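These are the residues of each chain, in order.
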Amino acid sequence: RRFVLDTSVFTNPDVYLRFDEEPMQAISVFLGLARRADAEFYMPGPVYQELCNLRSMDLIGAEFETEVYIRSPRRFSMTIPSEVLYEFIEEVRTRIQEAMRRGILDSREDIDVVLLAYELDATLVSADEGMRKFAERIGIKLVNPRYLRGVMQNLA
Amino acid sequence: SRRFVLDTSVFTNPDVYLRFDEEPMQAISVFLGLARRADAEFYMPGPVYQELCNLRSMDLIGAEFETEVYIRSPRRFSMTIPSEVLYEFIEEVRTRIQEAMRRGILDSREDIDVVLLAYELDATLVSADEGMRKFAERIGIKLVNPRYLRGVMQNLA
Amino acid sequence: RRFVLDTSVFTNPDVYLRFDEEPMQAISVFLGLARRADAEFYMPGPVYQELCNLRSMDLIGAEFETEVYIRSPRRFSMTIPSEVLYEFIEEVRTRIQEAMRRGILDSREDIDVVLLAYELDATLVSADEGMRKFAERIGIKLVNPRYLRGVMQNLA
Amino acid sequence: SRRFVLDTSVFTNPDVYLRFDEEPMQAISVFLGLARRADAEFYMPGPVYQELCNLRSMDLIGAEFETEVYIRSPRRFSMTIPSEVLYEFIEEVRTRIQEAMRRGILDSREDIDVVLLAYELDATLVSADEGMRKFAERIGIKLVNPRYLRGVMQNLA
Amino acid sequence: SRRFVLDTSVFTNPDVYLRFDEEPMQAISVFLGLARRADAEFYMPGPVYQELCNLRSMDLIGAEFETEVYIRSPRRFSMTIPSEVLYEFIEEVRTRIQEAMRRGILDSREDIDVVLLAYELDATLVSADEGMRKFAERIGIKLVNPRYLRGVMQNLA
Amino acid sequence: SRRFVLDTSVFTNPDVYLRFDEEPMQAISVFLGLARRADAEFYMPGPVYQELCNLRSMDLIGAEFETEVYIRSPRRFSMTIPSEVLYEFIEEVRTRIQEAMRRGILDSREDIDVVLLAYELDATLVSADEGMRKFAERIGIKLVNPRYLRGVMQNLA
Amino acid sequence: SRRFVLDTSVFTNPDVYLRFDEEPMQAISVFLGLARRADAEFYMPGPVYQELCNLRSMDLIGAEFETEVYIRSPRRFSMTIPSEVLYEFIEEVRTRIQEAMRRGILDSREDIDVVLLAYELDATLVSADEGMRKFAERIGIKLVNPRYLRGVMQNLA
Amino acid sequence: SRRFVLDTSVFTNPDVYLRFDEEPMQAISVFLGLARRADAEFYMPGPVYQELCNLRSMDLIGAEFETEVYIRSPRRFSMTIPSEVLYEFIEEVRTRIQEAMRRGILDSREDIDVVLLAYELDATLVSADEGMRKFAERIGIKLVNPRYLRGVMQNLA
Amino acid sequence: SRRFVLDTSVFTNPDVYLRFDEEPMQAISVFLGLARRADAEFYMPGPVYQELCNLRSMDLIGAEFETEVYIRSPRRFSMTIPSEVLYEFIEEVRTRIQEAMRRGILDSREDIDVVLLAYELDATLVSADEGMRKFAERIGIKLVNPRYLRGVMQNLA
Amino acid sequence: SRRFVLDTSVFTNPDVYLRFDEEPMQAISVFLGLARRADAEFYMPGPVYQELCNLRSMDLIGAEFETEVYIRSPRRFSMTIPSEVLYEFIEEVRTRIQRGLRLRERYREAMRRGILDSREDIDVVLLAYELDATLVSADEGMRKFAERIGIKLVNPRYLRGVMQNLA
Amino acid sequence: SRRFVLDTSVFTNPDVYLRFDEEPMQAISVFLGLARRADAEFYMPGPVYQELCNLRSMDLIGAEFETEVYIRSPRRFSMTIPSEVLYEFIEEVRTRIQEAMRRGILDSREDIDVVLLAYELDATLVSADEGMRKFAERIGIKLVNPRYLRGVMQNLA
Amino acid sequence: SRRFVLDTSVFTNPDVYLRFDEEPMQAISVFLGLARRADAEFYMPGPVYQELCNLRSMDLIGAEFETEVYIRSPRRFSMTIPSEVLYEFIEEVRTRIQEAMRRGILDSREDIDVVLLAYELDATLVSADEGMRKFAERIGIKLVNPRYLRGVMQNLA
């Protein structure tokens, strides 16, 4: 059982919430659910750099890197149906909403994560819903990160 | 039979529009005359053709143009493309940052149509778009500088 | 590419429609759109039988089996994750709606088609929304029954 | 170190409840005494314990009941049971149909809880339900005729 | 391509044997004609062929039959059937009761050869035995109602 | 450690139980006495158990006979026997020709569970049935002549 | 296309080179003529070819023979026969007791080459040996009766 | 643990026989004393045990012998030997060209049971048959010079 | 039809290039004449063609040249080179040192485009970089001595 | 199990060399002590080991070192790197020659070391590629290369805290 | 089509090479004459071609030579021989005990080039080196007795 | 756990011979003592062990030696070495030039026994031959310096 995390897991309210009240204590409680769960959690490297730019520090980072595999996808030898590209175009549209940089980098981050999930045949988890629609049309299992903590529980 | 994939740049953008005719309708007609004589199969994505009709073409143009230029859908479904083609698409959009935004993104959509059609048929892409040129050069699609396209019509018998 | 069909594709409107106004010629134009493409269509045995008794007869059925493989899912020697069953539980909930036999049998053919798609790793098609959400939770490539023609065109 | 998985029917349904005692608290307490003297480990699904506490159990005794019996939920995620199981689920669903259908569905849900915990731990299932006993025999769970459950408790020293 | 596995019923039992021709051997020859013009391969296991050749097929037709129908017995080995398949097969021997036990067991042997062949090749079983057809359906064998068999070969060309 | 799969023939066949003791009920009792002291585990299929219960079993023995014998069915669901086994089973029906044919067919089911159970556990099969022991020897099951069963129980201490 | 695995019996058995012309070498020649117009590919394991040269064939036809008959030995290493074959193979060597024993061993090696080639290619085997055909019919090789070989190369052009 | 596989030779051929004890039966008895104190599991193919029990064993020793010797034939099915083995095998039967022929073949079947069992368990093949030792060394089986077998159970204990 | 893959050294390096002609434009022209008459196809990576266009080529010949020589760069994405190539590749960067920092990387980018394109198309590499020819021979690319290139075109009709 | 692929930088570059202990060899020793208890398996290719031995490690640690560090070279043969890697590799090799420069033999020698690092680094990265293992190294160039190719990464700053918290 | 893999012996050793023509260089030239008119394509490894080039081959034929004899070396990566080949190969070096030892190892490298190329392409190795042909039969390469090679190309036309 | 493929040099060459003890037999015995206390399994190919047994080992040491050092030969068949291993192996024999070439050939055979065994098992090949170490490094075998071997078995208890 393999899971593919996303930055929204530790950023989106009611997803960050329902984990814990404090940010770093929320990551710590996720860590506590991990290190005991039978599953393994992957997180693409750019997402890790994004998160570490916000709040992560050495003490919490040690646990986080022990429990979450920091891995970018096997960039190549992975082959997507043409669907994705055309489909992905629409995603970019929905992310126009100073805007261009963050929107395009966010879309690249989205594709990076969903590609990792597709490669590993793992379950992507992410709060953002356009990501969900894309990932279901490309063919990846999704778990609502609100219920992800419910999943780590009962999986320990 | 040496298959070509026609991007609409050859019918609009200058420096490749010229050397065919001074007049756009006669440039299209003379390109048509060079077609059906050279041992070639010209392909064009459907949206490109309909836009061309809305851009400049009229019905007398379009009838003969369809009769000789194969307007074919780029197998938009179940085509097995390699991964980073999407990342080159993102890098293109990053370079295509510049009502205006919608035109940019939809132009990107059409250009991707053309490139994917060429990739699928392995045909030779002809295009004036330099960014599309680098993207197609990296993806692995046969390229032609379209300033030679008329120069390719004859010399192709 | 591989697809897994279901009776809704030929019974429920919104996929009954836009194929053809006449039902038998709707199936026939679906047949003609196939018989040319590169995709393979499967249909579990009971599903096909329920379809056949009702509307499809000797005039069209020969063609139907010339293009569509009738195969019950390889029930035996296959494993599904346990949580599926509560998923199925909840599906039975959504089918509580005389109706006892209809609901139980419909869930029966539901799992027939779902497991066939899971084994073949194909792209399920079905009009019923509950089955669509079930497939999303289990992790099946699922496409809209109306999008199915739009896929057939651009394949033939 | 023999492992046992209990059931609602063990305590609540008579005909297996009897041969322990007639006053329910006395029988549950003598069951507590019989266990933890034997070399057995007892498991009981969590929600099943909660519903039992809703039926008869009181907080006076549960402390020792939670010392000897493990109130554990099944590893219901990441557990990969044979797919066909669900098929006879539906078969079983039929044999449980008889607004009472919601009660039947709750019964089915709890029965699956117990059976899946036993399949996870490979323990000896105990349950008075011939419906659940047949299912456990088919899927491959160790069984015990629960009328001999006390007769099992002794000889387990 | 598409693969078919045949049974002696296809060439012995009318109502699939008709729809080809009234006179039997000519119906065999007509099926020979329809195959080799279709885009499918046809397999038919060893013992079944021995039985059918004992019955009606003669030296004249045998040449074409072996030209287009691979007389091959299933891989006999290296094929791991699901365990309960055996149990299911028992049920057939349960229902095949009808001094004719030699015939009964030989029929069971030919039927299991045919079904296992259709299992190994993942081919399409065609047969008039309703008992075998339900077994093949439940195990997961691709099926074709033989009353449509001729109709299939026209639609493949 | 050491696992044994019984047959109800062991407690039923006249020749082998008497070595436990002259009284068949006392034979079962002394078998239980030898068990519970050996380092071995005893499994028995549900069908074989209930066929035995149709012979002699009552509560007095039944308690301990079910404590130190796991009445467990093979994991019929989700196990992969090899194909030739099925073919072999056919020839057993050739030996099981034995009015009585119905019983013979039921024989298969109960009998097959034993073998399957062993195959699943890689256990040690005990059965006075010559046909069963031949089938097990072909299929690859650990075997022990039941005439020595007592001694094998005796030495485990 | 279609692949045949010949055998030295096809040219050394009076039964099989009849149905070609009586002159046996010229029967080989007409066999070659039927090939090169058939849509098949005809293999013959190398030792079998050496045997055929030792007995009967020679240069003048030999050139054409090698043109159209891929003299290829089975890819012994990196091929996995299921183990039962070996016990099966024992049968053959047994019934190949029959100057006497060394010839039996050598023939057994030639026959195992032929059968393994037809097994590896999933080809069709032809041979006049009843033993070879029985062994192939068990292990799962395609068969074509060598009496009907001429008619099989015709209808195959 | 560590698993040995015994050929009957270790109880027949002196120097791997007398080293335990000069008399046959006390030799077997002291071997059984060494085992069941060693930390190894000892295996013997069924036919080997039949062959021995037809030579010397009597119901006295048989108890302990079947206590600490898993009598197990190879899982012939669901085991895929590599092809070239078979040719290997023939050479061994080749060497047995030397009544004797039928005995030679039966010995070959027993020997191949021993070797395939050792291959399947990846156990340690102990046997005095130098031909068997060479064959198993080539195929890749663990080996113990049976002259040291006694020592190997004084250790491991 | 053969596919040839051209390296810019074919036109630059006079040693290969004098035999077409002594003046570079006329030599390109005679090469163009030789092509379009051969049944072969000629390929050139886009970067290599650009580096050519910088040196001597101009618009006059370009068209005709670009009609006959397909300008395409290797499909970098969706290609799986083997690992030792990469280590081999370092050796090239090793020797490409000696105008200093960037010339070597330019050389290696063009060279690896060419070699990988030949690998992808399974075409025939024509080049004068003796190091590149050794590298292509090792990796497994076809080779034509460029000294003979003119002949190899004349002989292709 | 979890699998780590070391790089010699871990045992030469400070700020991962420290954070274990002060003394060099005793820093190696404390790293080993954190290993041999951790659930992970530590790989470190052959030539990397040779050079590390030539830098600091001597025989007094060697027994322990080879006890819990699988000195294994990448299975070069029978491994297929996707094509673009070779181009990507270019740019990484493109950078190292610039940091070699940015007096004749003085800048000449740095190029030699860069292009030999270009071989040791490729062994390490390919081992991590093949095993699907986690790559730890201080070379930001290697880290960015592995980020692009898709190797499991771990900051060597946390390496101690990774073998701690790993039993 | 019918791929052949040549060898230096085919053009050096007599008795195989006169059959084209007695005068050596013209014998090679008429070999090329037969080629280019056959429906066969002739590979030849790089080292072997260069070894031929040192001895006799000259400039005029060279052109025509590379017209049809594809000079390609075995893919040598991502090709997985079966392990026994290595041991097999040892004996060849053994038989090449026969300066001379360096010559022996160089010849062994060239021969492994040829045999591996034929193994990879599944082409038909042709070579007069008797040891090489025995090795090729064992490993499983097609073969064509080179004494017939001239014939093998005529009527292959 | 942690598998070590030993080698004859481990018990023949000082500096891995001497680090356990001074005299040969006592060094073997103390190595044997260190093993059986390590958590590591120690294989040794059959031919290598027979070579050692030729050199020094006798009954007294041999019993223990075979108790704890598995004497297993590589599973030659069904192992797929990648191609250039063979080519790599080539120059190893080159470097083994050193009447006397027979020793080099046999050394090569046993060395490939050891290295292949380690490759198959994915063990930690210990060896003193620096050529073997280099070859095993390039191919991708684990390694530990035999100079440290004693220490490695300690620190591992």
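Scroll up to find the structure.
So, a few notes on the structure that sits alongside this text. (Residues numbered from 1 in each chain as written, not as in the entry; some residues may be left out. Chains lettered and ligands numbered in written order. Heavy atoms only, no water.)

This paragraph deals with the overall build of chain B. Along chain B, the regular secondary structure elements total eight helices and six strands. Radius of gyration (C-alpha) of chain B: 15 Å, near the 15 Å computed for a compact globule of 157 residues. Considering only C-alpha atoms, chain B reaches an extent of 40 × 35 × 25 Å along its principal axes. Of the roughly 6,900 Å² that chain B leaves accessible, carbon and sulfur atoms contribute 49%. (Helix = DSSP H or I, 4+ residues; strand = E, 2+ residues; numbered from the N terminus. Rg over C-alpha atoms; globule rule 2.2 N^0.38 Å. Areas by Shrake-Rupley, 256 points an atom, 1.4 Å probe, with all protein chains shown as cover.)

Taken together, the 19 residues of chain K in the interface contact 20 residues of chain I. Broken down residue by residue, the surface that chain K buries against chain I is led by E66(K), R75(K) and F77(K), which jointly contribute 36%. Summed over the shared surface of chain K and chain I, the result is two salt bridges. Between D122(I) and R75(K) there is a salt bridge, and its shortest N-O distance comes to 3.2 Å. Counting across the chain K and chain I interface gives seven residue pairs in polar contact. (Contact = heavy atoms within 4.5 Å. Buried area = accessible area lost by both parts, 1.4 Å probe. Salt bridge = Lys/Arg side-chain N within 4 Å of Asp/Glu carboxyl O. Polar contact = N/O pair within 3.5 Å; in protein donor to acceptor, adjacent residues only side chain to side chain.)

Moving on: the arrangement of the chains. Here the protein chains form 23 pairs of chains in contact, of which the pair with the most contacts is chains E and F. Nowhere do chain D and chain H come into contact; their C-alpha atoms are at least 21 Å apart. These two, chain C and chain L, are apart from each other, with no contact and a minimum C-alpha gap of 27 Å.

With that settled, the discussion passes to the environment of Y87(G). With respect to the helices and strands, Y87(G) occurs in helix 6 (residues 84-94). As a C-alpha pair, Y87(G) and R72(G) span 15 residues in sequence and 26 Å in three-dimensional space. Once residues within four sequence positions are removed from consideration, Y87(G) is found in contact with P74(H), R76(H), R109(H), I112(H), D113(H) and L116(H).

What follows is about the relation of the copies chain F and chain E. Between chain F and chain E, the superposition needs a rotation of 179 degrees and an axial shift of 0.1 Å, giving an RMSD of 0.7 Å. On this basis, the relationship between the two copies can be described by a two-fold rotation axis. When you check the interface residues of chain F against chain E, 100% turn up at the interface there too, and the contact is symmetric in its surfaces. (Least-squares fit on C-alpha atoms.)

On to the sheet that holds strand 2 (residues 42-44) of chain L. Residue and element names in this part refer to chain L. Strand order across the open sheet formed by three strands is 1-2-3, with parallel pairing between neighbours. Every interior strand has two partners, whereas the edge strands, strand 1 (4-5) and strand 3 (69-71), have only one. Pairing of strand 2 with strand 3, which is carried by three bridges, proceeds in the parallel orientation. What sits directly across from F42, in strand 3, is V69. (Pairing = 2+ DSSP bridges.)

Bringing empty space enclosed by the protein into the picture now. Considered as a void within the structure, the largest cavity measures approximately 160 Å³ in volume. If you go around the largest cavity, you meet 13 residues; those closest to its centre are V92(C), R95(C), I96(C), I104(C) and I97(D). Going through the elements one at a time, helix 5 (84-94) and helix 6 (99-120) of chain C together with helix 6 (100-121) of chain D are the ones with two or more residues in the lining of the largest cavity. A per-element tally of the lining of the largest cavity places helix 6 of chain C first, with five residues. Taken together, the residues that form the lining of the largest cavity break down as nine nonpolar, two polar and two charged. If you list the elements that add at least two residues to the lining of the second largest cavity, you get helix 5 (85-94), helix 6 and helix 7 (130-139) of chain D. Examining the composition of the lining of the second largest cavity, we find that four residues originate from one element, helix 6 of chain D, more than from any other. Classifying every residue of the lining of the second largest cavity by side-chain character gives six nonpolar, two polar and three charged. (1 Å grid on protein atoms, 1.4 Å probe; cavity = no way out; pocket = protein on both sides within 12 Å on 5 of 7 lines; lining within 4 Å. Points joined across faces, edges and corners; volume = space filled by probe spheres on them. Nonpolar A, V, L, I, M, F, W, Y, C, P; charged D, E, K, R; others polar.)

This part takes up the interface of chain F and chain E. Listed by partner, the interface residues are 25 residues for chain F and 27 residues for chain E. In total, chain F and chain E occlude about 2,400 Å² of area from one another, counting both sides; carbon and sulfur atoms represent 71% of this. For the pair chain F and chain E, the number of links is one salt bridge. Note that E91(F) and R109(E) form a salt bridge whose closest N and O atoms lie 3.6 Å from each other. Taken together, the connections running from chain F to chain E amount to nine residue pairs in polar contact. The set of elements that each furnish at least two residues to the side of chain F that touches chain E consists of strand 4 (80-82), helix 6 (83-95) and helix 7 (101-121) of chain F. A class-by-class count of the residues in the side of chain F that touches chain E yields 16 nonpolar, three polar and six charged. The sheet contact formed by strand 4 (residues 80-82) of chain E and strand 4 of chain F spans three bridges and is antiparallel. Pairing of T80(E) across the sheet is with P82(F), part of strand 4 of chain F.

Moving on: the pattern of salt bridges. Any two side chains of opposite charge can pair if their charged atoms end up close together. Within the structure shown, the criterion is met by 139 salt bridges over all chains. Across the pair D123(J) and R76(J) runs a salt bridge whose closest N-O atoms are separated by 2.4 Å. You'll find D123(J) and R76(J) in the same group, each marked buried. The residue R138(K) makes a salt bridge to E88(K) at a minimum N-O spacing of 2.8 Å. A residue is classified by how much of its surface remains accessible, and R138(K), at 35% relative accessible area, is partly exposed. When salt bridges with common partners are traced through the structure, they connect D122(B), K142(B), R72(I), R75(I) and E120(I) into a single cluster. (Buried < 20%, exposed > 50% of the residue type's maximum accessible area, 1.4 Å probe, protein only.)

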